[PDB]
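Chains AC, AF, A7 and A8 supply the protein sequences, listed in that same order. Adding 1009 to a residue's 1-based position in the first sequence gives its number in the deposited numbering. Adding 78 to a residue's 1-based position in the second sequence gives its number in the deposited numbering. Adding 238 to a residue's 1-based position in the third sequence gives its number in the deposited numbering. Adding 1146 to a residue's 1-based position in the fourth sequence gives its number in the deposited numbering.
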Amino acid sequence: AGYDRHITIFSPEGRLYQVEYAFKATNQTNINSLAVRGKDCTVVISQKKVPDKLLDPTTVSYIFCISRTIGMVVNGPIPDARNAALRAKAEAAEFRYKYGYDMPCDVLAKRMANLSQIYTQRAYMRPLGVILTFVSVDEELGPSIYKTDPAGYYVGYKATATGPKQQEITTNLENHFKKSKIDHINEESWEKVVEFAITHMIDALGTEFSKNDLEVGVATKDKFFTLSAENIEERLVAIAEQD
Amino acid sequence: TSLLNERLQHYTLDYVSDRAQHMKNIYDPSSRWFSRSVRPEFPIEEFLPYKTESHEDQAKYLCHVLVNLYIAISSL
Amino acid sequence: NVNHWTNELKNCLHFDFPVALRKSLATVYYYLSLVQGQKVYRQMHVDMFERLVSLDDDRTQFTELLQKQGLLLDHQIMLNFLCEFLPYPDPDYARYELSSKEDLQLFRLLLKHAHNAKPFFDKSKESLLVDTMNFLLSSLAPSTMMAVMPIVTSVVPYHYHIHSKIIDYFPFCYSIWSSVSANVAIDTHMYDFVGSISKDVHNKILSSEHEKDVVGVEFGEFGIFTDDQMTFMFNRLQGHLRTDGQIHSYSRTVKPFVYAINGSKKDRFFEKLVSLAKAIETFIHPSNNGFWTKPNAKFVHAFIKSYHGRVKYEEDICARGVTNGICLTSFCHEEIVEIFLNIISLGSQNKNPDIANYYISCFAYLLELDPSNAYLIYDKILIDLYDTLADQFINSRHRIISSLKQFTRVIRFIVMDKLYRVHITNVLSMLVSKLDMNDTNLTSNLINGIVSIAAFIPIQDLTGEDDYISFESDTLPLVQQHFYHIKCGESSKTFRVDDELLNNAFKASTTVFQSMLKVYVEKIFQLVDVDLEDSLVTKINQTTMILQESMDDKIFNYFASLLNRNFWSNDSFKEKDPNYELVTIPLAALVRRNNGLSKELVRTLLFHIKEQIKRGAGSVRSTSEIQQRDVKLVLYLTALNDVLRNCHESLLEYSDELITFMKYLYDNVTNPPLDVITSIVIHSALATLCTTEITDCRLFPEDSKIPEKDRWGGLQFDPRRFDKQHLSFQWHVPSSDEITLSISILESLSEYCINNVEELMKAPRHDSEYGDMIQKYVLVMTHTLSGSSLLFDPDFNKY
Amino acid sequence: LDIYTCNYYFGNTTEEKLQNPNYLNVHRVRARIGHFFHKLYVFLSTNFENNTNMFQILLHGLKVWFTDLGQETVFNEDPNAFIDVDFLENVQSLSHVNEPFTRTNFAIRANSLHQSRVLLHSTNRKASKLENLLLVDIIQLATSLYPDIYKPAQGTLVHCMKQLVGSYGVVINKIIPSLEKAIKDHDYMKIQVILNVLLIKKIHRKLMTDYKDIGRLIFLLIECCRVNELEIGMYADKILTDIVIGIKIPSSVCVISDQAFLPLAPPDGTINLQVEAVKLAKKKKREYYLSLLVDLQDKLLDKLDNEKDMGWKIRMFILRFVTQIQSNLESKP
């Protein structure tokens, strides 16, 4: 009867009800993220929220290392994020083996978006409640930022933001690439690009951060790594001593 | 002229020029201009923030209607 | 031309005119309807007649007054037509054949018209009755069955004479009936007859003239019916509900049974009705659906409409001195509830929601009879409801939605009985908090409850500062004790409480209104982001606007600083495409009631709109969609539209600051989907100056227009509900000052548009940010013509 | 004169209004807006023929300027900030119980009565020279070739014949001439559009009453029964077939009990000669009509007998002389 609301088929106005709902799930964690390009780096800041005093912060991560070169940050319930990360960590190991070069950021995204699409067209499987933000310093394109969503869509961003207060963060960035009229952040060392990414997020969220409320991922050529508890405090200390 | 006034007499529409006694008349069975047996508990037109048309004016119109309706029905 | 005037006449019935002229008008339309030989819009003429002879034109009955005023109509003309529908020999000429719509549809009209002019057949032509039957009867044969029967039921007048009465003809109906088995093609006429005739005898016996030449028609045990005649119709109705499902519109099929009850000799009848409920019992059960579940429902409703129907016609007559022992007693109302209570309770749980809304709607009809039994119903409905809010039905969907419908179709009545009313604050602040964001349906059925409680209750602090107060300590403890009592088998008659304690509970119960609206507003802003749509978006705005009008200034002035507060500081307009309606409109309805709130609300919408424009909103072009970086600017702009529209004369203060802001909004901001919005600002401000409308809707006026504070059930039953000092409506009437600013604007925006457009007639065909701007000025021009529409005169060109 | 009365501000037809500066001020402004809409229409059909978005916004600015006169009918029913009369009635009204309403309801009920007294005022009028100029424009638009334009214009010209007098006449005496043209100018999609017009409820209806013009029209829809190239001719057959099913005429003396008009017979002496005069004109108006059909009857049998072979829309004729050489109320066999 009224069961085009429960599976991935067409409503009478060409809508996929189940996908639109799937999107609504990506906020359910209540973490916000943003990503930026440098002259030759890429940066992803996500929030870390550890409410339970019984937790171990070190195990709480929405930032996944997918390959040597490629980083991914998810907005969405943890279970679904891992289902995606594990599948990417493996589509990219397979890619290297079959084809002989490291797997490139935008290709991994097209492949997860293609996947995210099948879910969108098959009755029996459900999409995932995640929005995967992929970063790297791809050997041909430079700093890359590619985002895929439960809809099956992917596209590449100068910078981007995702989650609950997504549009407050997004509109801050828009007003700083209208102003430098480019496609990136003209700073050499990634450190200053991380400071900038934290700055323009404090500005947009109207709250300060401590070394414990942030997760930072960084991509330079030949490496993608995450910043430790302390590697961030240093970044924060430097923001505070100029602002 | 007053050709109007003799048509009202046949249509029983020659109303008492004063509203006071007309609105008493209209509900009086033994009156010439009996119209309703029950007074509306909620007389909506009085709650309007302006003056409605004259009860006389209502009659002047209902007449041009009745007369023209008469012509209309008898011509075919 | 005929058809035109026949309409301007229709338009004239809205005021009054002499019964001596109705005598005339009716006569015109009776004979007019029956024309032959040309194109005729009959439906219209039969409708003039039917409205001229209306039997309830505001409690007045014009068929009585027209009988008394000497109206008499020819029956030969009517019967002569309805008889062309008989087999005319020589097929080459027969013009009318049933079966083929176009024909059956005329026949159904004549028949309807006749029913209308049945009472104006000469009561005095003694041999009009007998003559007419002795003719139709000889015409009856299998091939006529279909056209004769209906005729009889609508062209023969209910006469009653010394020698020949119409009930003389009954033994012949129970000759056809009782010879074929249940056949709706037949029965429907028999019930229509012996019923509209039983209704007649009853009507006539009371008050008026107990005669019509014969009070020689005795009532007794079973209406005008033999012992065996009644017995037969009972087993036939049982046949219908249990075996052959042969009935249509049941209102008609129930009459005979209702109007055969005799207040002083029921007993023998109720004995027959009870065994008919005990038969029917199983077929109503929620898990016995079949061909019958419709008939049983459409009947148990049709019967309790057509009983309450009668009662409220007799109680209108014992407001005329005349009891009559035929009348329905306090003890019939009792045994009616005894019968149909399990039956009604089973049906309301039925799997079909339509077939349930029938059984559920019967509670309201029974409660109006204020029977001694009243408690039995309030007892069920309140347990079923309190169980549901305590999630004891969580496994069963229907019980939850069902017992919320039971309770809604009965809220207005609970606000009265001085015991139950206590529960109503609790049950409300419980519904509000249980408003789900995932279950569209549960929410629609909760708003139903929430709006009904608000429609018949004043949101008011009724405490004289009495110290014991508080909701706990004083209300909750009692509510729980009543419920414990009710749950353990005991009823509310056995429930004893001090008139002191129960009035503490009631007054202390009116405190929670504040802490509960903070939770309703919260639940609204959560709903701004849901794919609930349309029907239910509206209904929710009714609940927010009704809740406002049932509010005293103490509470309202709180509600206002709570919309104001939450409208600005909110994290609630994210998701794609929001329902702004749910929050902008409830603001406008604050300004309706308190124009003073506008001076500052508007100036804050403008220094917040200029803010959003200045930081890039509506910078990025797109037809088709509203950009999500705009969503904020669009909120403030919808609010400004919805809230100017209800500003009225308070807009005179900041006149110049508006116009100059409107010109700013059109200089900047170009974007086809935003221009359909910004161009509405001009309308919502021209309409608000010169449109003549209401302004006050409060349940109770001023804060002080004291009927006292025994003022709950909104006067909905008190006869003072409509004396003029209560209904002291406010109304906005356009003053010479407003019309004058009204016009200042019209010419100032009218020029602004025509200039900026006569400018762009140095044509850039490319731009496309050109066709965007011309569309803009033509929309602003357009909405400048509307709203500002009340100042124009159709006729001006004649003069 | 006036029986509706709605607080028109400028006094209820007293021409308390004519002696009001504020009232010549107001209409002198709607005149400018009118003459400006034409200024813009000619400026667009000349500079921007290939645009739909522009012409839609203008066609709504005219649906307004022509209608929102006494009242407000577009925007009439958007949920606004008033409680709905129909909603509240459901909540409060029990049946068999006279108006058990709370104060809140009585107040909308009353507001609802004012608002209906406004809409009562018949806005129907005589075309205002400029109003005729804009109704001619609205036709060249419902006669345009873009469905994104001709479809709203047609819907917009219908809200405009509700508002003007014998405006149907203005429309036909523009259609037919510019359809006869679009046929000798060949396979035009302007023919496809003109046919779409002739199927509008309000027009297709007034067609079975236009005895003058339906002469010329049937012969045009016939020439049209050649898909020289399009959906035409399929539409011309549906239309010519729709036509056979309307029309006729009633001679027959309303078998009326003369008591259908007597009770309302005015004292007026023979100032009811008028009645026996009308009886006579509505009797040669009729006899002229009846002859126009016989003229059309014989002028077709011409194109059926004389046209060696037209093919199988040989059918319209027969399907029609039939509902005619056997109607009665006249009809000379």
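For every residue, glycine included, the Cβ atom is placed at its ideal position computed from N, Cα and C.
>> Quick check: is the beta carbon of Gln1176 (chain AC) nearer than 8 Å to any beta carbon in chain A7?
In response: Taking Cβ atoms only, chain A7 reaches closer than 8 Å to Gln1176 (chain AC), which makes this a yes.
> Rounded to the nearest angstrom, how far is the Cβ of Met384 (chain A7) from that of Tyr407 (chain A7), given a contact under 8 Å?
Replying inline: Contact doesn't hold; Cβ gap of about 19 Å is too wide.
>> I'd like the list of long-range same chain contacts for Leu1276 (chain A8), defined as Cβ closer than 8 Å, with 5 residues on each side in sequence excluded.
In response: Counting only Cβ-Cβ distances below 8 Å, and skipping sequence neighbours, we find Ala1177, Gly1180, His1181, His1184.
> If we count the other Cβ atoms within 10 Å of its Cβ and call it buried at 16 or more, is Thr298 (chain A7) buried or exposed?
Replying inline: Answer is buried; the Cβ neighbour count reaches 16.
> Could one say the Cβ of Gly856 (chain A7) lies closer than 8 Å to chain AC's Cβ atoms, at least one of them?
Replying inline: By this cut-off, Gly856 (chain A7) is not an interface position.
> Which residue spans inside the segment 1124-1185 of chain AC form an unbroken beta strand (DSSP E) run of at least 3?
Replying inline: Along the segment 1124-1185 of chain AC, the beta strand (DSSP E) occurs as fully enclosed runs of 3 or more residues at 1140-1145, 1153-1157, 1163-1165, 1169-1171, listed in sequence order.
>> Quick check: is the beta carbon of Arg867 (chain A7) nearer than 8 Å to any beta carbon in chain AC?
In response: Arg867 (chain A7) counts as touching chain AC.
> To the nearest whole angstrom, what separates the beta carbons of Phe967 (chain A7) and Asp934 (chain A7), a pair I think is in contact under 8 Å?
Replying inline: That pair is a contact at about 5 Å.
> Rounded C-beta distance between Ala798 (chain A7) and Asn1193 (chain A8)? I'm assuming under 8 Å.
Replying inline: Not confirmed; about 52 Å, so no contact.
>> Please classify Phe899 (chain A7) as buried or exposed, where buried requires at least 16 other C-beta atoms within 10 Å of its C-beta.
In response: That one is buried.
> Which ranges does the alpha helix (DSSP H) cover as unbroken runs of at least 4 residues, wholly within the segment 969-1033 of chain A7, from first to last along the chain?
Replying inline: Taken in chain order, the complete alpha helix (DSSP H) segments of 4 or more residues contained in the segment 969-1033 of chain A7 are 974-997, 1009-1023.
> When the Cα atoms are used, what is the spatial distance from residue 1039 (chain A7) to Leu912 (chain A7)?
Replying inline: The structure shown does not extend to residue 1039 (chain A7), since chain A7 is modelled only from 239 through 1037, so no value can be given for it.
> What in chain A7 is Cβ-close to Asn1084 (chain AC), meaning under 7 Å?
Replying inline: Those within 7 Å of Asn1084 (chain AC) in chain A7 number zero; the least Cβ separation is about 13 Å.
>> Buried or exposed for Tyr904 (chain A7), going by 16 or more other Cβ atoms inside 10 Å?
In response: So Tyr904 (chain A7) ends up on the buried side.
> Whose Cβ in chain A8 lies nearer than 8 Å to the Cβ of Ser153 (chain AF)?
Replying inline: Under a criterion of Cβ atoms nearer than 8 Å, the residues of chain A8 adjacent to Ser153 (chain AF) are, in order, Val1421, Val1424, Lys1425, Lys1428.
>> Less than 8 Å between CB atoms is the rule here; does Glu1433 (chain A8) satisfy it with respect to chain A7?
In response: Taking a beta-carbon distance threshold of 8 Å, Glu1433 (chain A8) does not count as an interface residue toward chain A7.
> Cβ atoms of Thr776 (chain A7) and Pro1225 (chain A8): under 8 Å apart, would you say?
Replying inline: Yes, these two residues count as a Cβ contact at 8 Å.
> Could you check where the beta strand (DSSP E) with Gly1080 (chain AC) kicks off and where it finishes?
Replying inline: Segment 1080-1084, the beta strand (DSSP E) holding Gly1080 (chain AC).
> Does the beta carbon of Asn1452 (chain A8) sit closer than 8 Å to a beta carbon anywhere in chain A7?
Replying inline: By this cut-off, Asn1452 (chain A8) is not an interface position.
> Can you find a CB in chain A7 that lies within less than 8 Å of the CB of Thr1169 (chain AC)?
Replying inline: No - not a single Cβ of chain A7 is within 8 Å of the one on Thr1169 (chain AC).
> In chain order, what residues of the same chain lie with their CB nearer than 8 Å to the CB of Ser109 (chain AF), ignoring the 5 residues before and after it?
Replying inline: Correct list, in chain order: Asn103.
> Count the other CB atoms within 10 Å of the CB of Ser711 (chain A7); is the residue buried (16 or more) or exposed (fewer)?
Replying inline: Residue environment: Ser711 (chain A7) is assigned as exposed (fewer than 16 neighbouring CB atoms within 10 Å of its CB, all protein chains considered).
>> So that I know if they touch, is there some Cβ in chain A8 lying closer than 8 Å to that of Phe125 (chain AF)?
In response: At a cut-off of 8 Å between beta carbons, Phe125 (chain AF) contacts chain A8.
>> Using a Cβ-Cβ cutoff of 8 Å, what residues of the segment 999-1020 of chain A7 are near chain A8? List them in chain order.
In response: Legend: CB atoms of the segment 999-1020 of chain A7 lying less than 8 Å from CB atoms of chain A8 belong to residues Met999, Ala1001, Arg1003, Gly1009, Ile1012, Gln1013, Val1016, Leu1017, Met1019, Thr1020.
> What residues in its chain sit with their C-beta under 7 Å from that of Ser434 (chain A7), if we drop five residues either side in the sequence?
Replying inline: Cβ within range, chain order: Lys493.
> With DSSP run on the structure shown, which of helix, strand or coil describes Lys363 (chain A7)?
Replying inline: In the three-state scheme derived from DSSP, where H, G and I count as helix and E and B as strand, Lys363 (chain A7) is classed as coil.
> When the Cα of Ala1427 (chain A8) is compared with those of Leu987 (chain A7), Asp961 (chain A7), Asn239 (chain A7), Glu456 (chain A7), which residue comes out closest?
Replying inline: The residue with the shortest Cα to Cα distance from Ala1427 (chain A8) is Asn239 (chain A7).
>> I'd like to confirm the pairing. Which residues does DSSP put opposite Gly1226 (chain AC) in its beta bridges?
In response: Answer is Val1053 (chain AC), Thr1235 (chain AC).
> What is the rounded straight-line gap between the Cα of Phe472 (chain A7) and the Cα of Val750 (chain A7)?
Replying inline: Pairing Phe472 (chain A7) with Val750 (chain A7), the inter-Cα distance amounts to about 53 Å.
>> Let's test the definition: count the other Cβ atoms within 10 Å of the Cβ of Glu1204 (chain AC) and tell me whether it reaches 16, buried, or not, exposed.
In response: It is buried - the Cβ of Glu1204 (chain AC) has at least 16 other Cβ atoms within 10 Å.
>> Strictly below 7 Å CB to CB, what residues from chain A8 border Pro972 (chain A7)?
In response: The answer, in chain order, is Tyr1155.
> Who are the near neighbours of residue 1060 (chain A7) in its chain, counting only those whose CB is closer than 6 Å to its CB and skipping five residues on each side?
Replying inline: Past the boundaries of the shown model lies residue 1060 (chain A7); chain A7 is included only from 239 to 1037, so the question cannot be answered.
> Hey, does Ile944 (chain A7) have any beta-carbon neighbour from chain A8 nearer than 8 Å?
Replying inline: Among the residues facing chain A8, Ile944 (chain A7) is not included, as its CB has no counterpart in that chain under 8 Å away.
> Which chain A7 residues sit within Cβ distance under 7 Å of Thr1180 (chain AC)?
Replying inline: Within chain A7, the residues placing a beta-carbon under 7 Å from that of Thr1180 (chain AC) are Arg867, ordered along the chain.
>> Could you give the first and the last residue of the continuous beta strand (DSSP E) run that contains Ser1042 (chain AC)?
In response: Counting along the chain, the beta strand (DSSP E) containing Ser1042 (chain AC) begins and ends at 1042-1046.
> What does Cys1074 (chain AC) pair with, by DSSP beta-bridge criteria?
Replying inline: DSSP output for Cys1074 (chain AC) lists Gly1080 (chain AC) as bridge partner(s).
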